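Worksheet: the structure to be examined is printed underneath.
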Amino acid sequence: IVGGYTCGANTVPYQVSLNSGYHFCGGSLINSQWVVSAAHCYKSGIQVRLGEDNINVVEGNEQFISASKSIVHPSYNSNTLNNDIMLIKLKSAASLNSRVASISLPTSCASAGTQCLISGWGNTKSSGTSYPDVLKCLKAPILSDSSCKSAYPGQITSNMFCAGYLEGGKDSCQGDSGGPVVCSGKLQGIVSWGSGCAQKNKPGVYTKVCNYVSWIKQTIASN
Ligand SMILES: NC(=O)c1cccnc1
Ligand SMILES: [Ca+2]
């Protein structure tokens with residue numbers, strides 16, 4: 001996250017870190033045994049880390065649980081990033097409390113104008129690299145589809161939305177991928193892609209979660 005703020009320990013209780021010996025992507029806990037993240041984050045051998053603030057220090061509220069199954073969306077296209085969403089089932093159910101909690105799926109799509117919270121342990125610089133050890137947060141509005149499409153001609157599908165600032169300076173970035181975009185207490189987006197980070201006229205692009213609720217529910221019910 002570029003241009004954000006330190007969230008505070010366990011203030012974003014649904015945020016997870018995907019670990020393969022190191023943090024590589026974010027995710028969101030949607031129930032005691034399932035996590036949603038971006039398909040481009042797919043890897044074998046994932047350990048899901050819940051209850052994290054500092055990812056390099058054991059602070060006392062962590063739960064580390066191995067994934068038992070990963071399901072990439074059936075129509076994921078790695079070249080266009082269309083349908084950038086995947087589900088991860090945990091080997092065992094997480095213990096749910098004030099600091100480890102699920103986030104609700106939306107029943108309606110959010111509108112441009114709506115303010116959302118984006119979070120992650122990704123790069124904090126637009127030029128150069130600095131990875132934080134503690135969770136960073138950013139409040140950003142959903143942008144109109146027209147401004148989104150104008151910023152990225154020929155690249156925005158019906159399964160994506162833009163959020164952020166056209167002036168720049170504030171955005172998600174590498175390492176935040178797979179993480180949550182939460183608006184009005186619902187999961188509306190997944191950190192997906194963006195041309196550099198926090199660049200003028202190049203806002204972040206997020207997977208539209210409201211288009212996938214039926215898929216998510218059906219998949220969970222049978223796996
Ligand atoms: N610019 C961005 O928001 C972004 C997000 C994820 C990966 N790369 C860039
Ligand atoms: Ca920790």
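For the structure tokens, the naming scheme is as follows: chains receive sequential letters (A, B, ...) according to their order of presentation, residues are indexed from 1 within each chain, and ligands are indexed from 1 in presentation order.
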With DSSP run on the backbone, what are the strand (DSSP E or B) residues within stretch 176-216 of chain A? I'd like them as number ranges by chain. A: 180-183, 186-193, 199, 202, 204-208
Tell me, counting only C-alpha atoms, for each residue of stretch 70-125 of chain A within 10 Å of stretch 19-38 of chain A, which pair of atoms is nearest and how far apart they are in Å to one decimal, in rows ordered by chain and increasing number, as JSON lines.
{"residue": "A:70", "atom": "CA", "partner": "A:35", "partner_atom": "CA", "distance": 9.5}
{"residue": "A:71", "atom": "CA", "partner": "A:36", "partner_atom": "CA", "distance": 9.7}
{"residue": "A:72", "atom": "CA", "partner": "A:38", "partner_atom": "CA", "distance": 8.4}
{"residue": "A:73", "atom": "CA", "partner": "A:38", "partner_atom": "CA", "distance": 9.3}
{"residue": "A:76", "atom": "CA", "partner": "A:38", "partner_atom": "CA", "distance": 9.8}
{"residue": "A:81", "atom": "CA", "partner": "A:38", "partner_atom": "CA", "distance": 9.4}
{"residue": "A:83", "atom": "CA", "partner": "A:38", "partner_atom": "CA", "distance": 8.7}
{"residue": "A:84", "atom": "CA", "partner": "A:38", "partner_atom": "CA", "distance": 5.1}
{"residue": "A:85", "atom": "CA", "partner": "A:38", "partner_atom": "CA", "distance": 4.2}
{"residue": "A:86", "atom": "CA", "partner": "A:37", "partner_atom": "CA", "distance": 5.4}
{"residue": "A:87", "atom": "CA", "partner": "A:36", "partner_atom": "CA", "distance": 4.7}
{"residue": "A:88", "atom": "CA", "partner": "A:35", "partner_atom": "CA", "distance": 5.1}
{"residue": "A:89", "atom": "CA", "partner": "A:34", "partner_atom": "CA", "distance": 4.7}
{"residue": "A:90", "atom": "CA", "partner": "A:33", "partner_atom": "CA", "distance": 5.1}
{"residue": "A:91", "atom": "CA", "partner": "A:33", "partner_atom": "CA", "distance": 7.7}
{"residue": "A:92", "atom": "CA", "partner": "A:33", "partner_atom": "CA", "distance": 6.5}
{"residue": "A:93", "atom": "CA", "partner": "A:33", "partner_atom": "CA", "distance": 4.6}
{"residue": "A:94", "atom": "CA", "partner": "A:32", "partner_atom": "CA", "distance": 5.1}
{"residue": "A:95", "atom": "CA", "partner": "A:32", "partner_atom": "CA", "distance": 7.1}
{"residue": "A:96", "atom": "CA", "partner": "A:32", "partner_atom": "CA", "distance": 6.9}
{"residue": "A:100", "atom": "CA", "partner": "A:29", "partner_atom": "CA", "distance": 8.5}
{"residue": "A:101", "atom": "CA", "partner": "A:29", "partner_atom": "CA", "distance": 7.1}
{"residue": "A:102", "atom": "CA", "partner": "A:30", "partner_atom": "CA", "distance": 4.7}
{"residue": "A:103", "atom": "CA", "partner": "A:30", "partner_atom": "CA", "distance": 5.2}
{"residue": "A:104", "atom": "CA", "partner": "A:30", "partner_atom": "CA", "distance": 6.3}
{"residue": "A:105", "atom": "CA", "partner": "A:30", "partner_atom": "CA", "distance": 7.3}
{"residue": "A:119", "atom": "CA", "partner": "A:26", "partner_atom": "CA", "distance": 8.6}
{"residue": "A:120", "atom": "CA", "partner": "A:26", "partner_atom": "CA", "distance": 6.5}
{"residue": "A:121", "atom": "CA", "partner": "A:26", "partner_atom": "CA", "distance": 7.7}
{"residue": "A:122", "atom": "CA", "partner": "A:25", "partner_atom": "CA", "distance": 8.2}
Keeping N, CA, C and O atoms, export the residues of the selection given above as a tab-separated table (two decimals), in the first residue's frame.
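Below is the file out.tsv, written as the result:
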chain	number	residue	atom	x	y	z
A	70	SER	N	-7.23	-25.83	-3.37
A	70	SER	CA	-7.32	-24.51	-3.97
A	70	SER	C	-8.14	-24.64	-5.24
A	70	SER	O	-7.99	-25.62	-5.97
A	71	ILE	N	-9.02	-23.68	-5.49
A	71	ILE	CA	-9.85	-23.70	-6.68
A	71	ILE	C	-9.76	-22.35	-7.38
A	71	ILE	O	-10.28	-21.35	-6.89
A	72	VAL	N	-9.11	-22.35	-8.54
A	72	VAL	CA	-9.01	-21.16	-9.38
A	72	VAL	C	-10.30	-21.09	-10.19
A	72	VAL	O	-10.85	-22.13	-10.59
A	73	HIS	N	-10.81	-19.88	-10.39
A	73	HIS	CA	-12.03	-19.71	-11.17
A	73	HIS	C	-11.91	-20.43	-12.51
A	73	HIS	O	-10.87	-20.40	-13.14
A	76	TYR	N	-10.64	-18.16	-15.40
A	76	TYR	CA	-9.50	-17.27	-15.20
A	76	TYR	C	-8.60	-17.22	-16.44
A	76	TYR	O	-8.23	-18.26	-16.98
A	81	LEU	N	-6.09	-11.16	-17.01
A	81	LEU	CA	-6.49	-11.11	-15.60
A	81	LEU	C	-8.00	-11.06	-15.40
A	81	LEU	O	-8.49	-10.75	-14.32
A	83	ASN	N	-11.46	-12.53	-14.45
A	83	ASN	CA	-11.84	-13.56	-13.49
A	83	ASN	C	-10.69	-13.90	-12.54
A	83	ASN	O	-10.43	-15.07	-12.26
A	84	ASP	N	-10.04	-12.86	-12.02
A	84	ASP	CA	-8.90	-13.05	-11.12
A	84	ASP	C	-9.38	-13.32	-9.69
A	84	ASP	O	-9.37	-12.44	-8.84
A	85	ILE	N	-9.79	-14.56	-9.47
A	85	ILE	CA	-10.34	-14.92	-8.17
A	85	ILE	C	-10.11	-16.41	-7.93
A	85	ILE	O	-10.16	-17.21	-8.87
A	86	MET	N	-9.80	-16.76	-6.69
A	86	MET	CA	-9.64	-18.16	-6.34
A	86	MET	C	-10.09	-18.37	-4.90
A	86	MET	O	-10.11	-17.45	-4.10
A	87	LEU	N	-10.50	-19.60	-4.61
A	87	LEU	CA	-10.92	-20.00	-3.29
A	87	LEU	C	-9.93	-20.99	-2.70
A	87	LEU	O	-9.39	-21.84	-3.40
A	88	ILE	N	-9.67	-20.86	-1.40
A	88	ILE	CA	-8.76	-21.76	-0.70
A	88	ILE	C	-9.47	-22.35	0.50
A	88	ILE	O	-10.01	-21.62	1.32
A	89	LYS	N	-9.51	-23.68	0.58
A	89	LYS	CA	-10.13	-24.32	1.74
A	89	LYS	C	-9.05	-24.66	2.76
A	89	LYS	O	-8.03	-25.22	2.40
A	90	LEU	N	-9.31	-24.35	4.02
A	90	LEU	CA	-8.37	-24.65	5.10
A	90	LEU	C	-8.51	-26.10	5.56
A	90	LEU	O	-9.59	-26.66	5.51
A	91	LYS	N	-7.40	-26.69	5.97
A	91	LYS	CA	-7.35	-28.08	6.45
A	91	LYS	C	-8.24	-28.25	7.68
A	91	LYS	O	-8.84	-29.31	7.88
A	92	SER	N	-8.33	-27.21	8.50
A	92	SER	CA	-9.22	-27.20	9.66
A	92	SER	C	-9.82	-25.81	9.84
A	92	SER	O	-9.27	-24.81	9.37
A	93	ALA	N	-10.95	-25.75	10.52
A	93	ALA	CA	-11.63	-24.49	10.73
A	93	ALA	C	-10.85	-23.58	11.66
A	93	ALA	O	-10.29	-24.03	12.67
A	94	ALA	N	-10.82	-22.29	11.32
A	94	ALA	CA	-10.20	-21.29	12.18
A	94	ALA	C	-11.07	-21.03	13.41
A	94	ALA	O	-12.29	-21.21	13.37
A	95	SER	N	-10.44	-20.63	14.50
A	95	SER	CA	-11.15	-20.24	15.71
A	95	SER	C	-11.52	-18.76	15.65
A	95	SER	O	-10.65	-17.89	15.64
A	96	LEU	N	-12.82	-18.48	15.60
A	96	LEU	CA	-13.31	-17.14	15.30
A	96	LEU	C	-13.49	-16.30	16.54
A	96	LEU	O	-14.18	-16.70	17.47
A	100	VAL	N	-9.93	-12.43	14.77
A	100	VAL	CA	-9.97	-13.28	13.58
A	100	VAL	C	-11.43	-13.47	13.28
A	100	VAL	O	-12.14	-14.14	14.03
A	101	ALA	N	-11.88	-12.86	12.20
A	101	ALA	CA	-13.30	-12.86	11.89
A	101	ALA	C	-13.51	-12.91	10.40
A	101	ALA	O	-12.65	-12.51	9.65
A	102	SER	N	-14.67	-13.42	9.98
A	102	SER	CA	-14.98	-13.47	8.56
A	102	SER	C	-15.58	-12.15	8.09
A	102	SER	O	-16.08	-11.35	8.89
A	103	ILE	N	-15.50	-11.91	6.79
A	103	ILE	CA	-16.12	-10.74	6.18
A	103	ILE	C	-17.27	-11.23	5.32
A	103	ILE	O	-17.16	-12.24	4.62
A	104	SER	N	-18.40	-10.53	5.37
A	104	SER	CA	-19.57	-10.90	4.60
A	104	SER	C	-19.41	-10.68	3.10
A	104	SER	O	-18.76	-9.74	2.68
A	105	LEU	N	-20.02	-11.56	2.30
A	105	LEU	CA	-20.09	-11.39	0.85
A	105	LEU	C	-21.20	-10.37	0.55
A	105	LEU	O	-22.14	-10.26	1.31
A	119	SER	N	-6.32	-3.08	2.17
A	119	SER	CA	-5.28	-3.36	3.17
A	119	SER	C	-4.30	-4.39	2.66
A	119	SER	O	-4.64	-5.21	1.80
A	120	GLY	N	-3.09	-4.35	3.19
A	120	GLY	CA	-2.07	-5.33	2.80
A	120	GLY	C	-0.66	-5.05	3.29
A	120	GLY	O	-0.36	-3.97	3.81
A	121	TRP	N	0.23	-6.01	3.04
A	121	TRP	CA	1.64	-5.91	3.42
A	121	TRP	C	2.51	-5.69	2.18
A	121	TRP	O	3.68	-6.04	2.17
A	122	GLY	N	1.93	-5.11	1.15
A	122	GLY	CA	2.66	-4.86	-0.08
A	122	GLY	C	3.59	-3.67	-0.05
A	122	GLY	O	3.70	-2.96	0.96
Please provide as a list in words all residues within 8 Å of stretch 142-147 of chain A, with the sequence filter that same-chain residues fewer than 3 positions apart are discarded (counting only C-alpha atoms).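 Residues meeting the cut-off are residues 111, 112, 113, 114, 115, 116, 150, 151, 161, 162, 163 and 164 of chain A.
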Residue with smallest distance to ligand 1 - pool A:127, A:10, A:192, A:218, counting only C-alpha atoms and all ligand atoms: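 Looking only at the distances to ligand 1, the closest residue turns out to be A:192.
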Tell me, as a PDB file with N, CA and C atoms, in the first residue's frame, which residues lie within 8 Å of residue A:53, counting only C-alpha atoms; anything in the same chain fewer than 5 positions away does not count.
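Contents of the output file around_34.pdb:
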ATOM      1  N   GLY A   8      -3.228  -0.759  12.557  1.00  0.00           N
ATOM      2  CA  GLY A   8      -3.346  -1.064  13.972  1.00  0.00           C
ATOM      3  C   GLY A   8      -3.544  -2.565  14.089  1.00  0.00           C
ATOM      4  N   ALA A   9      -2.913  -3.162  15.092  1.00  0.00           N
ATOM      5  CA  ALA A   9      -2.971  -4.608  15.240  1.00  0.00           C
ATOM      6  C   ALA A   9      -4.386  -5.159  15.327  1.00  0.00           C
ATOM      7  N   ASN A  10      -4.696  -6.087  14.415  1.00  0.00           N
ATOM      8  CA  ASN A  10      -5.954  -6.831  14.371  1.00  0.00           C
ATOM      9  C   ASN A  10      -7.215  -5.992  14.201  1.00  0.00           C
ATOM     10  N   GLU A  59       3.210 -12.588  17.671  1.00  0.00           N
ATOM     11  CA  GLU A  59       2.678 -11.644  18.641  1.00  0.00           C
ATOM     12  C   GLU A  59       1.640 -12.229  19.583  1.00  0.00           C
ATOM     13  N   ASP A 133       6.499  -4.524   7.690  1.00  0.00           N
ATOM     14  CA  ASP A 133       6.271  -5.754   8.417  1.00  0.00           C
ATOM     15  C   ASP A 133       4.863  -5.762   9.015  1.00  0.00           C
ATOM     16  N   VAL A 134       4.264  -4.581   9.189  1.00  0.00           N
ATOM     17  CA  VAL A 134       2.923  -4.483   9.782  1.00  0.00           C
ATOM     18  C   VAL A 134       1.891  -4.091   8.733  1.00  0.00           C
ATOM     19  N   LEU A 135       0.623  -4.380   9.024  1.00  0.00           N
ATOM     20  CA  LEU A 135      -0.444  -4.193   8.041  1.00  0.00           C
ATOM     21  C   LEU A 135      -0.724  -2.718   7.745  1.00  0.00           C
TER      22      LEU A 135
END
Per-residue nearest contacts chain A to ligand 1, cut-off 8 Å, using only C-alpha atoms and all ligand atoms, as a Markdown table:
| residue | atom | partner | partner_atom_place_in_ligand_line | distance |
| --- | --- | --- | --- | --- |
| A:171 | CA | ligand 1 | 3 (O) | 5.3 |
| A:172 | CA | ligand 1 | 3 (O) | 4.0 |
| A:173 | CA | ligand 1 | 4 (C) | 4.0 |
| A:174 | CA | ligand 1 | 7 (C) | 4.3 |
| A:175 | CA | ligand 1 | 7 (C) | 6.9 |
| A:176 | CA | ligand 1 | 6 (C) | 6.0 |
| A:177 | CA | ligand 1 | 6 (C) | 4.9 |
| A:191 | CA | ligand 1 | 5 (C) | 5.8 |
| A:192 | CA | ligand 1 | 6 (C) | 5.1 |
| A:193 | CA | ligand 1 | 6 (C) | 4.1 |
| A:194 | CA | ligand 1 | 1 (N) | 3.5 |
| A:195 | CA | ligand 1 | 1 (N) | 5.4 |
| A:196 | CA | ligand 1 | 1 (N) | 5.2 |
| A:197 | CA | ligand 1 | 1 (N) | 3.8 |
| A:198 | CA | ligand 1 | 1 (N) | 6.1 |
| A:199 | CA | ligand 1 | 1 (N) | 7.7 |
| A:202 | CA | ligand 1 | 1 (N) | 7.2 |
| A:203 | CA | ligand 1 | 1 (N) | 6.2 |
| A:204 | CA | ligand 1 | 3 (O) | 3.5 |
| A:205 | CA | ligand 1 | 3 (O) | 6.1 |
| A:206 | CA | ligand 1 | 3 (O) | 7.9 |
Write out as a list in words each polymer residue (protein, DNA or RNA) that has an atom no more than 8 Å from ligand 2, with only C-alpha atoms and all ligand atoms counted. residues 51, 52, 53, 54, 55, 56, 57, 58, 59, 60, 61 and 62 of chain A
